[PDB]
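Asks: Have a look at this one before I ask anything.
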Amino acid sequence: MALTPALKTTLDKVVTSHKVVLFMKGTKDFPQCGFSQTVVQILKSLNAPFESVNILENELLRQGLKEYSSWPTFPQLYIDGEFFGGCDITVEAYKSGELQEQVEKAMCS
(Lines give C-alpha, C1' and ligand atoms only; values in the text may rest on other atoms or scores of the structure.)
Protein backbone atom coordinates (compact mmCIF):
# COMPACT_ATOMS: atom_id res chain seq x y z
CA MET A 1 0.00 0.00 0.00
CA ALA A 2 1.08 3.66 -0.65
CA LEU A 3 0.53 4.97 2.96
CA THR A 4 4.01 4.33 4.48
CA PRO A 5 6.38 4.60 1.38
CA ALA A 6 4.70 7.54 -0.49
CA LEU A 7 1.77 9.26 1.33
CA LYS A 8 3.47 9.91 4.74
CA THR A 9 6.59 10.96 2.70
CA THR A 10 4.39 13.47 0.75
CA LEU A 11 2.81 14.76 4.02
CA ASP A 12 6.35 15.24 5.48
CA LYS A 13 7.40 17.12 2.27
CA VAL A 14 4.21 19.31 2.62
CA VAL A 15 4.85 19.85 6.42
CA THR A 16 8.55 20.85 5.82
CA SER A 17 7.73 23.05 2.76
CA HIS A 18 4.77 24.80 4.54
CA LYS A 19 4.77 25.21 8.39
CA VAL A 20 0.91 25.21 8.84
CA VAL A 21 -1.22 22.29 7.50
CA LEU A 22 -5.00 21.61 7.76
CA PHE A 23 -6.83 18.26 7.38
CA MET A 24 -10.52 18.78 6.44
CA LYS A 25 -13.21 17.92 3.79
CA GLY A 26 -11.92 20.68 1.38
CA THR A 27 -8.85 22.53 -0.06
CA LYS A 28 -7.48 26.07 0.52
CA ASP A 29 -9.15 27.02 -2.84
CA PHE A 30 -12.48 25.28 -1.88
CA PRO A 31 -12.93 25.37 1.98
CA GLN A 32 -15.88 23.99 4.03
CA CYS A 33 -18.05 26.02 6.47
CA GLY A 34 -18.22 25.62 10.30
CA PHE A 35 -15.27 24.00 12.16
CA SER A 36 -12.80 24.03 9.20
CA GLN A 37 -13.58 27.69 8.25
CA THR A 38 -13.25 28.61 12.00
CA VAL A 39 -9.81 26.90 12.35
CA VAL A 40 -8.68 28.40 8.97
CA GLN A 41 -9.91 31.95 9.91
CA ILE A 42 -8.23 31.80 13.39
CA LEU A 43 -4.76 30.89 11.95
CA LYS A 44 -5.14 33.38 9.06
CA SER A 45 -6.17 36.17 11.54
CA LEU A 46 -3.32 35.34 14.03
CA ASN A 47 -1.21 36.26 10.91
CA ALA A 48 -0.29 33.02 9.07
CA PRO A 49 -0.61 30.91 5.85
CA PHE A 50 -2.24 27.41 5.77
CA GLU A 51 -2.27 24.28 3.51
CA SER A 52 -5.75 22.69 3.69
CA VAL A 53 -5.44 19.05 2.43
CA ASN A 54 -8.80 17.45 1.47
CA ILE A 55 -9.20 14.13 3.44
CA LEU A 56 -11.98 12.82 1.10
CA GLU A 57 -9.74 12.68 -2.06
CA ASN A 58 -8.14 9.35 -0.88
CA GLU A 59 -9.21 6.68 1.71
CA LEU A 60 -5.49 6.39 2.75
CA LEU A 61 -5.64 10.10 3.85
CA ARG A 62 -9.10 9.65 5.51
CA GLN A 63 -7.86 6.58 7.52
CA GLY A 64 -4.09 7.36 7.85
CA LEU A 65 -4.27 11.02 9.07
CA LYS A 66 -5.86 9.74 12.35
CA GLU A 67 -2.68 7.63 12.99
CA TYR A 68 -0.33 10.40 11.63
CA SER A 69 -1.40 12.52 14.67
CA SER A 70 -3.01 9.97 17.14
CA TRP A 71 -6.06 12.37 17.45
CA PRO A 72 -9.62 11.04 16.64
CA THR A 73 -12.01 12.78 14.11
CA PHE A 74 -11.72 15.76 11.68
CA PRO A 75 -11.08 18.69 11.10
CA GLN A 76 -7.49 18.37 12.42
CA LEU A 77 -4.79 21.11 12.76
CA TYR A 78 -1.04 20.37 12.23
CA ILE A 79 2.06 22.66 12.66
CA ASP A 80 5.89 22.40 12.15
CA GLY A 81 6.00 18.55 12.60
CA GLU A 82 3.26 18.03 15.29
CA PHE A 83 -0.58 17.94 15.54
CA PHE A 84 -2.55 20.50 17.65
CA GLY A 85 -6.04 18.81 17.60
CA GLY A 86 -9.65 19.72 16.64
CA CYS A 87 -11.65 22.99 16.37
CA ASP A 88 -12.88 23.01 20.04
CA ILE A 89 -9.24 22.66 21.27
CA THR A 90 -8.17 25.36 18.72
CA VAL A 91 -10.94 27.84 19.75
CA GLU A 92 -10.28 27.45 23.53
CA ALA A 93 -6.46 27.61 23.03
CA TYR A 94 -6.76 30.78 20.83
CA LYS A 95 -8.88 32.45 23.58
CA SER A 96 -6.38 31.20 26.27
CA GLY A 97 -3.28 32.41 24.24
CA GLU A 98 -1.91 28.81 23.95
CA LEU A 99 -2.53 28.49 20.16
CA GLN A 100 -0.99 31.98 19.68
CA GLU A 101 2.15 30.87 21.61
CA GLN A 102 2.37 27.46 19.83
CA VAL A 103 1.81 28.94 16.29
CA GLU A 104 4.60 31.50 17.03
CA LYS A 105 6.73 28.51 18.22
CA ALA A 106 5.85 26.70 14.92
CA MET A 107 7.23 29.77 13.01
CA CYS A 108 10.56 30.19 14.94
CA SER A 109 11.20 26.41 15.66
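Residues in the C-alpha coordinates are numbered from 1 in each chain, the chains being A, B, ... in the order shown, and ligands are numbered from 1 in the order shown.
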With only C-alpha atoms as the counted atoms, please give the residues lying no more than 9 Å from stretch 14-24 of chain A, apart from itself and same-chain residues fewer than 5 positions off, as a list in words.
Replies: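 After dropping sequence-adjacent residues, the list is residues 9, 31, 32, 36, 39, 40, 43, 48, 49, 50, 51, 52, 53, 54, 55, 56, 61, 65, 74, 75, 76, 77, 78, 79, 80, 81, 103, 106 and 107 of chain A.
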Asks: Produce a file of the selected residues containing N, CA, C and O atoms, as an mmCIF file, in the first residue's frame.
Replies:
```cif
data_model
loop_
_atom_site.group_PDB
_atom_site.id
_atom_site.type_symbol
_atom_site.label_atom_id
_atom_site.label_comp_id
_atom_site.auth_asym_id
_atom_site.auth_seq_id
_atom_site.Cartn_x
_atom_site.Cartn_y
_atom_site.Cartn_z
ATOM 1 N N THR A 9 5.474 10.254 3.342
ATOM 2 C CA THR A 9 6.594 10.955 2.697
ATOM 3 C C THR A 9 6.148 12.268 2.049
ATOM 4 O O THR A 9 6.817 13.284 2.216
ATOM 5 N N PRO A 31 -12.704 25.699 0.568
ATOM 6 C CA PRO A 31 -12.928 25.374 1.980
ATOM 7 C C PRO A 31 -14.318 24.777 2.262
ATOM 8 O O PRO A 31 -15.157 24.663 1.369
ATOM 9 N N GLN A 32 -14.572 24.441 3.533
ATOM 10 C CA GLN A 32 -15.879 23.991 4.030
ATOM 11 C C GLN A 32 -16.257 24.788 5.286
ATOM 12 O O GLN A 32 -15.412 25.015 6.159
ATOM 13 N N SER A 36 -13.939 23.821 10.109
ATOM 14 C CA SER A 36 -12.805 24.028 9.198
ATOM 15 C C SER A 36 -12.588 25.519 8.907
ATOM 16 O O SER A 36 -11.501 26.039 9.165
ATOM 17 N N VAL A 39 -11.246 27.186 12.167
ATOM 18 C CA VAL A 39 -9.806 26.903 12.351
ATOM 19 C C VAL A 39 -8.957 27.670 11.324
ATOM 20 O O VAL A 39 -7.962 28.292 11.700
ATOM 21 N N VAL A 40 -9.371 27.676 10.049
ATOM 22 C CA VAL A 40 -8.680 28.404 8.970
ATOM 23 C C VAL A 40 -8.653 29.915 9.248
ATOM 24 O O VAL A 40 -7.592 30.524 9.161
ATOM 25 N N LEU A 43 -6.182 30.911 12.334
ATOM 26 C CA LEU A 43 -4.764 30.887 11.945
ATOM 27 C C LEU A 43 -4.425 32.047 11.005
ATOM 28 O O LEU A 43 -3.458 32.781 11.229
ATOM 29 N N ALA A 48 -0.977 34.215 9.578
ATOM 30 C CA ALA A 48 -0.286 33.018 9.071
ATOM 31 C C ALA A 48 -0.914 32.406 7.799
ATOM 32 O O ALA A 48 -2.125 32.540 7.597
ATOM 33 N N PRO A 49 -0.114 31.715 6.957
ATOM 34 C CA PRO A 49 -0.612 30.906 5.848
ATOM 35 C C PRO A 49 -1.163 29.570 6.371
ATOM 36 O O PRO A 49 -1.086 29.281 7.567
ATOM 37 N N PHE A 50 -1.684 28.735 5.465
ATOM 38 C CA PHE A 50 -2.236 27.409 5.765
ATOM 39 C C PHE A 50 -2.369 26.558 4.486
ATOM 40 O O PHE A 50 -2.760 27.063 3.431
ATOM 41 N N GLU A 51 -2.075 25.258 4.588
ATOM 42 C CA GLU A 51 -2.268 24.282 3.511
ATOM 43 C C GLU A 51 -3.394 23.312 3.889
ATOM 44 O O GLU A 51 -3.166 22.298 4.545
ATOM 45 N N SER A 52 -4.630 23.615 3.495
ATOM 46 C CA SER A 52 -5.748 22.686 3.689
ATOM 47 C C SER A 52 -5.686 21.529 2.675
ATOM 48 O O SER A 52 -5.889 21.728 1.476
ATOM 49 N N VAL A 53 -5.413 20.319 3.165
ATOM 50 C CA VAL A 53 -5.439 19.048 2.426
ATOM 51 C C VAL A 53 -6.826 18.419 2.588
ATOM 52 O O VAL A 53 -7.296 18.226 3.712
ATOM 53 N N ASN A 54 -7.471 18.077 1.469
ATOM 54 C CA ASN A 54 -8.796 17.454 1.474
ATOM 55 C C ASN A 54 -8.708 15.951 1.806
ATOM 56 O O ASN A 54 -8.207 15.161 1.005
ATOM 57 N N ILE A 55 -9.237 15.538 2.965
ATOM 58 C CA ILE A 55 -9.202 14.133 3.435
ATOM 59 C C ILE A 55 -10.013 13.163 2.564
ATOM 60 O O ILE A 55 -9.702 11.978 2.532
ATOM 61 N N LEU A 56 -11.039 13.653 1.859
ATOM 62 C CA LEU A 56 -11.985 12.824 1.097
ATOM 63 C C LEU A 56 -11.496 12.466 -0.322
ATOM 64 O O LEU A 56 -12.150 11.679 -1.009
ATOM 65 N N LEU A 61 -5.663 8.849 3.059
ATOM 66 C CA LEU A 61 -5.641 10.096 3.845
ATOM 67 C C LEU A 61 -6.698 10.007 4.951
ATOM 68 O O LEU A 61 -6.362 10.134 6.126
ATOM 69 N N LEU A 65 -4.476 9.740 8.370
ATOM 70 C CA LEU A 65 -4.266 11.015 9.074
ATOM 71 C C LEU A 65 -4.684 10.979 10.554
ATOM 72 O O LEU A 65 -4.179 11.776 11.343
ATOM 73 N N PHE A 74 -12.115 14.592 12.488
ATOM 74 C CA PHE A 74 -11.725 15.756 11.679
ATOM 75 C C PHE A 74 -12.750 16.908 11.828
ATOM 76 O O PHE A 74 -13.904 16.629 12.175
ATOM 77 N N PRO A 75 -12.394 18.180 11.529
ATOM 78 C CA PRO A 75 -11.082 18.685 11.103
ATOM 79 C C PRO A 75 -9.951 18.485 12.119
ATOM 80 O O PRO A 75 -10.197 18.289 13.308
ATOM 81 N N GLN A 76 -8.707 18.553 11.634
ATOM 82 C CA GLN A 76 -7.487 18.368 12.424
ATOM 83 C C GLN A 76 -6.412 19.377 11.980
ATOM 84 O O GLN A 76 -6.126 19.516 10.791
ATOM 85 N N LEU A 77 -5.816 20.074 12.950
ATOM 86 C CA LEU A 77 -4.794 21.109 12.764
ATOM 87 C C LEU A 77 -3.399 20.509 13.005
ATOM 88 O O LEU A 77 -3.203 19.759 13.962
ATOM 89 N N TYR A 78 -2.423 20.860 12.164
ATOM 90 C CA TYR A 78 -1.040 20.374 12.229
ATOM 91 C C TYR A 78 -0.018 21.485 11.916
ATOM 92 O O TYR A 78 -0.200 22.268 10.978
ATOM 93 N N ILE A 79 1.069 21.563 12.689
ATOM 94 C CA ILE A 79 2.055 22.658 12.659
ATOM 95 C C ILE A 79 3.491 22.169 12.919
ATOM 96 O O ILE A 79 3.758 21.486 13.905
ATOM 97 N N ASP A 80 4.418 22.546 12.032
ATOM 98 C CA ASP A 80 5.886 22.398 12.145
ATOM 99 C C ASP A 80 6.392 21.010 12.614
ATOM 100 O O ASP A 80 7.427 20.902 13.279
ATOM 101 N N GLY A 81 5.662 19.939 12.262
ATOM 102 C CA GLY A 81 6.001 18.548 12.600
ATOM 103 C C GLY A 81 5.200 17.930 13.754
ATOM 104 O O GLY A 81 5.566 16.842 14.200
ATOM 105 N N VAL A 103 1.656 28.524 17.701
ATOM 106 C CA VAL A 103 1.806 28.944 16.294
ATOM 107 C C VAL A 103 3.035 29.847 16.116
ATOM 108 O O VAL A 103 3.765 29.665 15.144
ATOM 109 N N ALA A 106 5.809 27.361 16.227
ATOM 110 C CA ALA A 106 5.846 26.703 14.917
ATOM 111 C C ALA A 106 6.553 27.543 13.835
ATOM 112 O O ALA A 106 7.173 26.976 12.933
ATOM 113 N N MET A 107 6.515 28.880 13.930
ATOM 114 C CA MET A 107 7.233 29.769 13.007
ATOM 115 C C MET A 107 8.735 29.832 13.316
ATOM 116 O O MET A 107 9.535 29.647 12.400
#
```
Asks: Atom CA of residue A:104 and atom CA of residue A:27 are how many Å apart?
Replies: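 Rounded to one decimal, the two atoms are 23.5 Å apart.
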Asks: What residues in chain A get the DSSP label strand (DSSP E or B)? Please answer as a list in words.
Replies: residues 20, 21, 22, 23, 24, 51, 52, 53, 54, 76, 77, 78, 79, 82, 83, 84 and 85 of chain A
Asks: Okay, now the selection with N, CA, C and O atoms, as a PDB file, in the first residue's frame?
Replies:
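Ended up saving to again-v5.pdb:
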```pdb
ATOM      1  N   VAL A  20       2.293  25.364   8.353  1.00  0.00           N
ATOM      2  CA  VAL A  20       0.907  25.214   8.844  1.00  0.00           C
ATOM      3  C   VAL A  20       0.114  24.357   7.854  1.00  0.00           C
ATOM      4  O   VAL A  20       0.028  24.705   6.675  1.00  0.00           O
ATOM      5  N   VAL A  21      -0.477  23.257   8.328  1.00  0.00           N
ATOM      6  CA  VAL A  21      -1.221  22.289   7.501  1.00  0.00           C
ATOM      7  C   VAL A  21      -2.573  21.984   8.158  1.00  0.00           C
ATOM      8  O   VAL A  21      -2.662  21.847   9.378  1.00  0.00           O
ATOM      9  N   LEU A  22      -3.624  21.891   7.341  1.00  0.00           N
ATOM     10  CA  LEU A  22      -4.999  21.614   7.761  1.00  0.00           C
ATOM     11  C   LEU A  22      -5.498  20.329   7.102  1.00  0.00           C
ATOM     12  O   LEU A  22      -5.344  20.156   5.896  1.00  0.00           O
ATOM     13  N   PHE A  23      -6.160  19.468   7.874  1.00  0.00           N
ATOM     14  CA  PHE A  23      -6.826  18.263   7.384  1.00  0.00           C
ATOM     15  C   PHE A  23      -8.333  18.413   7.595  1.00  0.00           C
ATOM     16  O   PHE A  23      -8.803  18.549   8.722  1.00  0.00           O
ATOM     17  N   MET A  24      -9.085  18.430   6.494  1.00  0.00           N
ATOM     18  CA  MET A  24     -10.516  18.780   6.441  1.00  0.00           C
ATOM     19  C   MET A  24     -11.150  18.279   5.140  1.00  0.00           C
ATOM     20  O   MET A  24     -10.455  17.754   4.280  1.00  0.00           O
ATOM     21  N   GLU A  51      -2.075  25.258   4.588  1.00  0.00           N
ATOM     22  CA  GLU A  51      -2.268  24.282   3.511  1.00  0.00           C
ATOM     23  C   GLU A  51      -3.394  23.312   3.889  1.00  0.00           C
ATOM     24  O   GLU A  51      -3.166  22.298   4.545  1.00  0.00           O
ATOM     25  N   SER A  52      -4.630  23.615   3.495  1.00  0.00           N
ATOM     26  CA  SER A  52      -5.748  22.686   3.689  1.00  0.00           C
ATOM     27  C   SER A  52      -5.686  21.529   2.675  1.00  0.00           C
ATOM     28  O   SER A  52      -5.889  21.728   1.476  1.00  0.00           O
ATOM     29  N   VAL A  53      -5.413  20.319   3.165  1.00  0.00           N
ATOM     30  CA  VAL A  53      -5.439  19.048   2.426  1.00  0.00           C
ATOM     31  C   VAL A  53      -6.826  18.419   2.588  1.00  0.00           C
ATOM     32  O   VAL A  53      -7.296  18.226   3.712  1.00  0.00           O
ATOM     33  N   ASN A  54      -7.471  18.077   1.469  1.00  0.00           N
ATOM     34  CA  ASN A  54      -8.796  17.454   1.474  1.00  0.00           C
ATOM     35  C   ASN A  54      -8.708  15.951   1.806  1.00  0.00           C
ATOM     36  O   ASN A  54      -8.207  15.161   1.005  1.00  0.00           O
ATOM     37  N   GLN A  76      -8.707  18.553  11.634  1.00  0.00           N
ATOM     38  CA  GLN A  76      -7.487  18.368  12.424  1.00  0.00           C
ATOM     39  C   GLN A  76      -6.412  19.377  11.980  1.00  0.00           C
ATOM     40  O   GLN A  76      -6.126  19.516  10.791  1.00  0.00           O
ATOM     41  N   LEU A  77      -5.816  20.074  12.950  1.00  0.00           N
ATOM     42  CA  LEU A  77      -4.794  21.109  12.764  1.00  0.00           C
ATOM     43  C   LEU A  77      -3.399  20.509  13.005  1.00  0.00           C
ATOM     44  O   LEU A  77      -3.203  19.759  13.962  1.00  0.00           O
ATOM     45  N   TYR A  78      -2.423  20.860  12.164  1.00  0.00           N
ATOM     46  CA  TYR A  78      -1.040  20.374  12.229  1.00  0.00           C
ATOM     47  C   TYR A  78      -0.018  21.485  11.916  1.00  0.00           C
ATOM     48  O   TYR A  78      -0.200  22.268  10.978  1.00  0.00           O
ATOM     49  N   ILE A  79       1.069  21.563  12.689  1.00  0.00           N
ATOM     50  CA  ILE A  79       2.055  22.658  12.659  1.00  0.00           C
ATOM     51  C   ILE A  79       3.491  22.169  12.919  1.00  0.00           C
ATOM     52  O   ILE A  79       3.758  21.486  13.905  1.00  0.00           O
ATOM     53  N   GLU A  82       4.128  18.572  14.236  1.00  0.00           N
ATOM     54  CA  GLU A  82       3.262  18.029  15.292  1.00  0.00           C
ATOM     55  C   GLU A  82       1.791  18.459  15.117  1.00  0.00           C
ATOM     56  O   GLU A  82       1.496  19.542  14.608  1.00  0.00           O
ATOM     57  N   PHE A  83       0.847  17.610  15.546  1.00  0.00           N
ATOM     58  CA  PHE A  83      -0.582  17.942  15.539  1.00  0.00           C
ATOM     59  C   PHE A  83      -0.963  18.830  16.742  1.00  0.00           C
ATOM     60  O   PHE A  83      -0.357  18.742  17.813  1.00  0.00           O
ATOM     61  N   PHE A  84      -1.991  19.671  16.572  1.00  0.00           N
ATOM     62  CA  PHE A  84      -2.550  20.504  17.646  1.00  0.00           C
ATOM     63  C   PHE A  84      -3.913  19.990  18.158  1.00  0.00           C
ATOM     64  O   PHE A  84      -4.189  20.091  19.355  1.00  0.00           O
ATOM     65  N   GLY A  85      -4.738  19.406  17.275  1.00  0.00           N
ATOM     66  CA  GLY A  85      -6.042  18.807  17.604  1.00  0.00           C
ATOM     67  C   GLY A  85      -7.191  19.356  16.759  1.00  0.00           C
ATOM     68  O   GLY A  85      -6.983  19.774  15.618  1.00  0.00           O
TER      69      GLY A  85
END
```
Asks: Using DSSP assignments from the backbone, pull out every residue in stretch 28-90 of chain A that falls under helix (DSSP H, G or I) and give it to me as number ranges by chain.
Replies: A: 35-47, 55-57, 59-69, 87-90
Asks: State, in Å with one decimal place, the distance from atom CA of residue A:46 to atom CA of residue A:94.
Replies: 8.9 Å
Asks: Find, counting only C-alpha atoms, the residue in A:64, A:90, A:33, A:97 that gets nearest to residue A:4.
Replies: A:64
Asks: Hey, can you check how far atom CA of residue A:89 sits from atom CA of residue A:35?
Replies: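 For atom CA of residue A:89 relative to atom CA of residue A:35, the distance reads 11.0 Å.
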Asks: Select, from A:58, A:70, A:38, A:47, the residue with the minimum atom-to-atom distance to residue A:92, counting only C-alpha atoms.
Replies: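 Residue with the minimum atom-to-atom distance to residue A:92: A:38.
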Asks: Tell me which protein, DNA and RNA residues are within 8 Å of residue A:3, counting only C-alpha atoms, leaving out same-chain ones fewer than 4 positions away, and put them as a list in words.
Replies: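 These residues fall inside the cut-off: residues 7, 8, 60 and 64 of chain A.
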